[PDB]
Amino acid sequence: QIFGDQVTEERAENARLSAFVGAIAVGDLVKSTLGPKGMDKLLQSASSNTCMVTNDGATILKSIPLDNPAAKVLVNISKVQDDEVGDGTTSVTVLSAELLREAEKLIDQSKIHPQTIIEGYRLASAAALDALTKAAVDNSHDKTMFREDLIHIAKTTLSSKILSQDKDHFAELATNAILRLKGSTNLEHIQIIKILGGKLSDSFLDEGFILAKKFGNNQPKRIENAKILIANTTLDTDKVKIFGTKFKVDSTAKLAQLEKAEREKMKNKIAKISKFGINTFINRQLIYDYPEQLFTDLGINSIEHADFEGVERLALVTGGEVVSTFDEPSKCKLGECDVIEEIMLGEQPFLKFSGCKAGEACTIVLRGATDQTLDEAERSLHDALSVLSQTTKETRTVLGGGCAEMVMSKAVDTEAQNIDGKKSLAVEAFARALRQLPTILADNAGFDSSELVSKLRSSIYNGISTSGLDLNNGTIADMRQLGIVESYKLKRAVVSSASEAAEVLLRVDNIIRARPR
Amino acid sequence: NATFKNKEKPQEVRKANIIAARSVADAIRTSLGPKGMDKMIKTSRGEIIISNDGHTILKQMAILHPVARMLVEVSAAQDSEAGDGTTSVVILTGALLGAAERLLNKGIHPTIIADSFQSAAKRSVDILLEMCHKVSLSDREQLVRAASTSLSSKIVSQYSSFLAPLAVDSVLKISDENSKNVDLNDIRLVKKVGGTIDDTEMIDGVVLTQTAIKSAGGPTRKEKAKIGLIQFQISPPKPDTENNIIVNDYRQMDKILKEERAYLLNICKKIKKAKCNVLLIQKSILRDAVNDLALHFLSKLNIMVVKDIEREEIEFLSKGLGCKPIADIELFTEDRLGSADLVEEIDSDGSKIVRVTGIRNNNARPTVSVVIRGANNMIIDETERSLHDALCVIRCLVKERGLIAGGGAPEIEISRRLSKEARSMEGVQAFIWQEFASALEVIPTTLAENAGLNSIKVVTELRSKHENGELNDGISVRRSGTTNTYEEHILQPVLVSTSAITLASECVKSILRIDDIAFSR
Amino acid sequence: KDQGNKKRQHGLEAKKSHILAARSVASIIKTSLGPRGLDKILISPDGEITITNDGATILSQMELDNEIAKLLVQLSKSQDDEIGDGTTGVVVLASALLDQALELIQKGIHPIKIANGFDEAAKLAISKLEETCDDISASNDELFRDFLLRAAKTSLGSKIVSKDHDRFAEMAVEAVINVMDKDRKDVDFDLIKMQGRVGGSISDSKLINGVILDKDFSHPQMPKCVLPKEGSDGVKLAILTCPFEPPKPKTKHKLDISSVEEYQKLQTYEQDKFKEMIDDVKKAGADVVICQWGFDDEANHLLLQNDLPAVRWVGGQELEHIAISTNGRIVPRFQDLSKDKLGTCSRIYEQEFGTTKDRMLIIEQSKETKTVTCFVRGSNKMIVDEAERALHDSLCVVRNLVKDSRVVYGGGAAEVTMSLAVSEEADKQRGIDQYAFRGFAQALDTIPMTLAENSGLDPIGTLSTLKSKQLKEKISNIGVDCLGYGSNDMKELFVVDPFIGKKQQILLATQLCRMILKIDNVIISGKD
């Protein structure tokens, strides 16, 4: 007997089983979230007062802890998929769980060494990734078809989300937001504003980069030829090069006379800001009445409490510099635009920009009944916009609805025709994992997956490699006629991540814990 | 036979969900209708409460199961959107869940059930809307009759000839003939002890519950006033941290008093410099709202003071008067003031209530306040509730114009049509819609039973009479049978029936989709 | 005091118990022995989940009160510090020797007779090992550079770094050469530092022959780079632990003013001292300023106006890295700054790495250096940590190859050759020792058998083939198929271990076995 001090220890038989049972426990969290017809999970914290219902697989994996140290590995891997890619979280988690689920049987029943399984999965992965490439078709030419493809992608990427209710509108809103870019793929150019009142179908796309805060106490409602100088500086009772002078008097009148001194020092600082030749001044910090009036008297339009996200968005639109220090009129970049106008959206104040610098920006304005509705709408747009944005660099797509998965498993089954003995079952096991996604999709939709998946496979096998699941009618349909497409890049990420994710736990057969603290 | 082994049993969670939710609905079911049975609850404090109000019961039932609690939120949504039917939306939910349970046992996947019920709900709404009796806001008498009906079930019905047009005019003062969504939170019902039920007023600016100034020198009334909303306290310097003042003689007391008074004087002078004529101070117990010393200065400045104004009153003031809050005397300036033609305190049967009229400010919004009067607390409390419900009735009529007969009539009309129409559908469509339609009859069935009538007889008569007759027929507890409920003036706004069909679908859809419960810690 | 609540083992039963305790340790780490070895999940005291197959890390994270197991950990520590290769093998082999000792004891061979026999068997094993050695540094320098890189490439194949290991192998080769003079051939490992950041891919890693700071400049408007300035004497660096301003406390000031005359002077003093301190930088003749502390606004403007780029809040080791690389000094104060203390370099610049905002500051000599830093990138923490540690292993390999040119082929081939030699000599003993000599050889066999088992190969067919080839055809080293190559015979596969490594592995494992076998009594008290 070794170790001690109450540490966890698991040996070959136990740690190996735990690695697989853990990964399965992870899959059980999200296997119900796959597809537009997926089922919901009710989550509740120890306080009981935060009870929520969601079908967002990423939220569930992040919200629900597991005590299995091998499960923690797969959950962390799924996190990376969700944060870095923006889609495929459920698909990778399922495929990882199913690849490892089959691996458990391969060891226990088929007498396959863990090393044999890993190499077999690597060979099968190459077959699957090649299958995606050969089946991948772009419409780089004929801009009409590319724009249509983005709409079809959008409707798919909005699936399972609250926006799936009105996807006909949001598919075009999201697509237009990306088409507007004609440029950078960085989503930081696209803003989402969450407004209460109205229905989700009433969301608008506005290319004018709408700001959630207005300017001025008593200043004009429209700025022409605006020159934008951003700030992150303290302007309140700023004692300039007179530090250490305190106000101690025996009357209120004398104190007010001394406060003038702070105004004189602030006046110099504000004057130095005006020396830049600006019309609009934005400060991340608050602006007290003194510097506020000093800006007004000099004709400078005052915005206060422009938080971090605001400043960064302004940098991508107006082209100004945050300039935390205003001791010299030079060494600063100044932004510009044609118009800044006070505008009401849904009886809520905003500013509207026009003529900004090399504008690639736009705003999507959401209209919702509840905060929870809008929060889900905001995230759903973010996920869809990411895939749609990435599509503008990788324009190839494949057919969804289980079609790509059947095509991949077809190639993998073909690979098993020319394979050494020990690795043969591992390659076939990889294919069996791939076909679990269309099985789960059918099951969640309330259809007989055994019939639909078996018939679908025979369709893709005997040519007709256009068919897939119709998860609304419960039959087999041509995905090109229905418009069910998924980004090539995303499918490469899903297969790649699922393959590596399995390998990480396939290489584990022992769990060693140090003394707990 | 041999079928799915069902080693993993997700149905066990859905069964627990349905069982818990249906138990809540059946508990509320027995209180449906004017003849329903009372519920008694012993609260966590040991108090005994008795009520037949579904929503009040649900809040005090203290439901534990995470999913069954959702039936309480359903009643909250009904209370927020319609303001009526709060018992019926849960009861229909329970019956529709029972339909889902039977459909699950029949081999229909929960996913199919949820979507099929939604489709049935879509048709149910269309059936409901087409059969209603349309109204118009231009017909003041019609609105009075609608309100008078809902008032006829209140404790003091003899004044319904007054409370009905008061609710009607209160809405019309802020909602013209062409309006979709009327937020009756802009109609403030303000109670004060004294006077009688009919002795009510509708005031444009505001009705407050508090007095102004009683001390000598107070202006007690101001015309052409600018009004500010104060959330700070006006009192001599009184810090919370350690402090001491030493006074060994009247000479030092004089000095100290001058320091306290000069502080308040400077505040009062700044308020005057802002040209503020009336101070409306939010209630707080932290420091004196306005100290007597400040009142002496403010009185000499001809500034009115109203103290101990409740948060809800302050929020209304910010909309009716066009004025803004001031967080601190430091920022007390003109830009935060409203306007009013007259600010006065009314002493009628000892009321002594401050009110504002003639705001005439661009920042004002269509608000109105109602003066509720009465000697006993039960009178002003019953009047407020009576007017609130009446306002909810009218609000419903604006959102979806029209009323349908009560007594379960729209549930028989919808169910009867759906059962016949469903026979033309294919596959699970017809089988599920038959269960959906049947679930609807829980309402006319329960109403019959709670009224003391033979359950089967009444429903049988309702089915036959609706096939040959029309929506107007239904259960009348006053006639103790099935009669022409329209002619008996038993009417509910369309919105109540429309919303109940929607909520029942949304709740059951939400419940059926839950296949597990997990903790997040 | 307090004789009770103690554990004790002694005698023949302790001999079985102690060996079984050693077996328990080997039964865990044996599974990671080989280029295809399996990984462990190592759970920290705080629940942190890490994955590794580094036997040295695993044994370090194994926290145990079994005193016999501790002796095995001590063995792995010695090998990790001395050679850095055999940290798993010395424990697995030592266990194999103890397993043989168990049977030998049970058959009636005294533990001392076992210890003596194993020692003599080890001498035979090394005597044969020498016959199979060859030189890498011998003959054409190009062959040394070729083999040196190839040795690094193989050593990297056991970790995640294997994906893009071509670049990391080059880093190990350049790193060991850059800190080593051709004539002396002594490598000081401390001259090769490891550093890395989260972001990018491991293929983006590179060796930087200068100093890298994970710090930004004192003022966003301050120049980001200084060049040699058209043939002038490079860049002069002022490295201090004090900011160039009148120091001010972060707690209490306690500065008493007795008069108005003092008050006015005191406010002026601070403003003037800001100027004087920066002026002293110009008097020193420095181009850039590197301080442990940051700068106040007035110092930043004064440094800006005088074109004196400055780096804020630079850590202790980072200050030393500059002082060492630039052949300068760290000067506690300002009055001592001059050409005799300021550091020299050829360029200081800020480097961006794609979308990574670290914006590290790099100081280059642009010539032969005394020290290098290995810069590692990767898409996550665990990726950087493992790829960075992979360099540590490769650096140890090339370190040993420079110091001792004699190498032998690995893959277990050396153990099979030594096993065969000891086995053949055992029959010549004709005495009691024959049992220990045969046992020693059988213990050696456990290494190529472990390499088989951890690769999914039959260890019995594998070992039979290994011994058969080295007897039927030629004693020449025959390896195993653990790497998935078309065939064995490492001569064409470039799987090579240093002689000093394999020599120490066998001798140290034997010494440890004796360390445990000679223990006839263990008394364990409590832990205060």
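Protein chains in written order, with the working numbering: chain A, 176 to 692; chain B, 684 to 1204; chain C, 3 to 530. Idealized CB from N, CA, C, for every residue including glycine.
In this chain, the beta strand (DSSP E) harbouring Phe-456/A covers 455-458. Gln-460/A has a beta carbon lying at 8 Å or more from every beta carbon in chain C. In this chain, the alpha helix (DSSP H) harbouring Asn-619/A covers 611-619. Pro-691/A and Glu-65/C have their alpha carbons spaced roughly 10 Å apart.
Between the C-alpha atoms of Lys-953/B and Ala-406/A there is a straight-line separation of about 32 Å. From the listed residues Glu-439/A, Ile-478/A and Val-267/A, the smallest Cα separation to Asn-458/A is found for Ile-478/A. Looking at the DSSP output, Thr-208/A bridges to nothing. Among the CB atoms of chain C, none fall inside 8 Å of the CB of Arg-488/A. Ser-222/A and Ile-1197/B have their C-alpha atoms spaced approximately 21 Å apart.
Annotation: Cβ neighbours of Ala-620/A in chain B (cutoff 8 Å, chain order): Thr-794. Take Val-269/A, set aside five residues on each side of it, and the residues of its chain with a beta-carbon closer than 7 Å to its own are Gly-202, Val-205, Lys-206, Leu-209, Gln-611, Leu-612 and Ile-615, in chain order. At least 8 Å separates the CB of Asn-1151/B from every CB of chain A.
For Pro-1176/B, the enclosing beta strand (DSSP E) starts and ends at 1174-1176. With contacts defined by Cβ atoms closer than 8 Å, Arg-438/A and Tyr-465/A form a contacting pair.
Taking one beta carbon from each stretch, the segment 518-527 of chain A and the segment 414-423 of chain A have fewer than 3 pairs nearer than 8 Å; the two do not touch. The three-state secondary structure of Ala-1092/B, taken from DSSP, is helix.
Using a CB distance cut-off of 8 Å, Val-1141/B does not count as an interface residue toward chain A. Taking a Cβ-Cβ threshold of 7 Å, the residues of chain C close to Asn-685/A are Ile-30, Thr-33 and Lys-42, in chain order.
For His-316/A, DSSP assigns no beta-bridge partner whatsoever. Considering only beta carbons, no part of the segment 189-213 of chain C lies closer than 9 Å to chain A. Per DSSP, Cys-537/A lies in no alpha helix (DSSP H) segment; the continuous beta strand (DSSP E) that holds it begins and ends at 537-543. Judged by their CB atoms, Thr-1168/B and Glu-1083/B are not nearer to each other than the 8 Å cut-off.
Selection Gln-108/C, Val-181/C, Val-94/C and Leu-44/C evaluated against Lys-405/C yields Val-181/C as nearest (Cα-Cα).
Taking a C-beta distance under 8 Å as the contact criterion, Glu-535/A and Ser-359/A qualify as a contact pair. Interface flag for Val-228/A against chain B is set, since a Cβ pair is found closer than 8 Å. Residues of the segment 999-1020 of chain B that bring their beta carbon within less than 8 Å of a beta carbon in chain A comprise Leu-1014 and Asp-1018, in sequence order. If you draw a 10 Å sphere on the C-beta of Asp-1030/B, you find fewer than 16 other C-beta atoms in it, and that means exposed. Ranked by how close their Cα comes to the Cα of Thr-512/C, the residues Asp-41/C, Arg-361/C, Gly-233/C and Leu-77/C have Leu-77/C in first place. Among the residues of chain A, those whose CB is under 7 Å from the CB of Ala-1201/B are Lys-216, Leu-218 and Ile-239, following chain order. In the structure shown, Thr-770/B falls within a coil segment according to DSSP collapsed to helix, strand and coil. Selection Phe-336/C, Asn-329/C and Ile-179/C evaluated against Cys-244/C yields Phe-336/C as nearest (Cα-Cα). Excluding sequence positions up to five before and after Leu-386/A, its CB lies within less than 7 Å of the CB of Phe-525 and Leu-526, all in the same chain and listed in chain order. In this model, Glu-1189/B and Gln-801/B are separated by some 8 Å (Cα to Cα). When DSSP states are grouped into helix, strand and coil, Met-885/B belongs to the strand group. Shown here for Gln-507/C: same chain residues with a beta carbon closer than 6 Å to its own, the five before and five after excluded, namely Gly-88, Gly-91 and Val-92 in chain order. Between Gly-212/C and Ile-45/C a beta carbon distance of about 38 Å is seen, past the 8 Å cut, so the two are scored as non-contacting.
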